[PDB]
Structure formats: structure tokens, C-alpha cells
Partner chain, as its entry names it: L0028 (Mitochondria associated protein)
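First, one chain by itself: the form deposited without the partner chain, in C-alpha cells.
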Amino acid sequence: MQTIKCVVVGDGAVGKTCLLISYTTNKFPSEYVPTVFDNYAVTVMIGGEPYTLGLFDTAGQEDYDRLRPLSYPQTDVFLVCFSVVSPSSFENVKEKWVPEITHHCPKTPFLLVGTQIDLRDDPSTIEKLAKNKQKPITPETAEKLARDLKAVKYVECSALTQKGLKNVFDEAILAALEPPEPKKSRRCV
């Protein structure tokens, strides 16, 4: 049967794993975030046909720069994630993630994914960011970065409340649908 491979990249603490667990188990892991870097599968109906959506988690720490690319082969679509309450992670999108992804897979599309949006309305978080003269990343600022980096589009969500979650992956699926053309797919090689 038909398959789509999606790889999730982004800095540590961005919420990549929670994003995948909430989506695949419809339940945010509030007790203990699984430590293992795994890959998940979910079957999705597309035009009355079964499709397997392969979601691949990655290690965001700099210690894995040499090994991370090993997961990129055959990738149909990339999810480049950053936390909206983490200006640092947002800047690494342009400085580190898109460059890395385009270097190894120039033709493969990617979506810019803002995460942890529930924290934008968290007094505590605002205060912490304020004490350093920082404010949450806004959808407008992110949309501009997505446009300039040539991302398919900018989407955002919260794995906690699950808001915008399903949307992120519906969009990843739409961006992944490889036009039948003989053979000129954007699958990474």
C-alpha cells in the first residue's frame, strides 16, 4: 500500500515528541514524556484508499548532527518545529534547521510548525521572557519567515490542548502527495 514519510526536526524542548504522541494517541503525555526517539505509523484514508503515514522523531540536540541525517532518506515531507514561546528555537530555524534540511534534501518540501501555542497566554512564561526583553513569536513574524525560507506554509499548534494538531498533519499529508508523474518525486535520496 501507499506510504508517506514525515520527519520532525527542531531544537530540544520544542515539543517534537509530545506533538507526535498526542497526534497518534489522541492523548498528551503529561505524566512522562517517552525518552526514546521513535517513529510512529497511522493509516489515513485518502480517496477511499489506505495510506500509511510514517512519522519520524529525531534528536534535536547538537550532539546528533552527524547521525540525524541518517533518518532523512525517502522523506516525503519535513516538519520544522520551533516553540512560539522560545525565540531561541525560532532563530535556529533559519540558522540551523532549514539549512540542514535543504542541504541533504533540496527538493523535499517542509512546513514551518510553531508549537506550544497554549503557552503564549501563560502569565508566567511572558514574565520569564520579559525579564530578558523577549516576547512570544507572533503568527505574522513566523509567516514572514516561512515565506522567505520557501516553506510550503506556516501552521501552529499545541500538543497540550491539542489545538491545531490534526491540522498540522492534514497539511503535511497534502504537501506530501507525490504527483504521479513517471518519476520526479521530492522523496529524499
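Between two forms, the rigid core is the largest collection of C-alphas that superpose within 1.5 Å. Positions refer to the first chain, counted from 1.
The form deposited with the partner chain bound exists for this protein as well; it is not shown, and the discussion that follows is about that form.
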Quiz item: Is there a non-hydrogen atom of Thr52 within 4.5 angstroms of a non-hydrogen atom of the partner chain in the deposited bound form?
Solution: yes
Quiz prompt | Distance check, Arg66 to the partner chain in the deposited bound form, heavy atom within 4.5 Å | solution = yes
Quiz item: Is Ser124 a contact residue for the partner chain in the deposited bound form, using a 4.5 Å heavy atom cut-off?
Solution: no
Quiz prompt | 4.5 Å heavy atom contact, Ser71 and the partner chain in the deposited bound form | solution = yes
Practice problem: Note that the partner chain is not shown here; using its position in the deposited bound form, name the residues of 90-127 with a heavy atom within 4.5 Å of it, in sequence order. | Solution: none
Self-check item: Rigid-core fit between the shown form and the other one, the member of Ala59, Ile126, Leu160, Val42 whose C-alpha shifts 2 angstroms or more
Solution: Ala59
Quiz prompt | Closer or farther in the deposited bound form: C-alpha pair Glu127, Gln61 (3 angstroms or more) | solution = farther
Exercise. Check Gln61 against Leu129 at the C-alpha atoms and report closer or farther in the deposited bound form, compared with the shown form; the change is 3 Å or more.
Key: farther
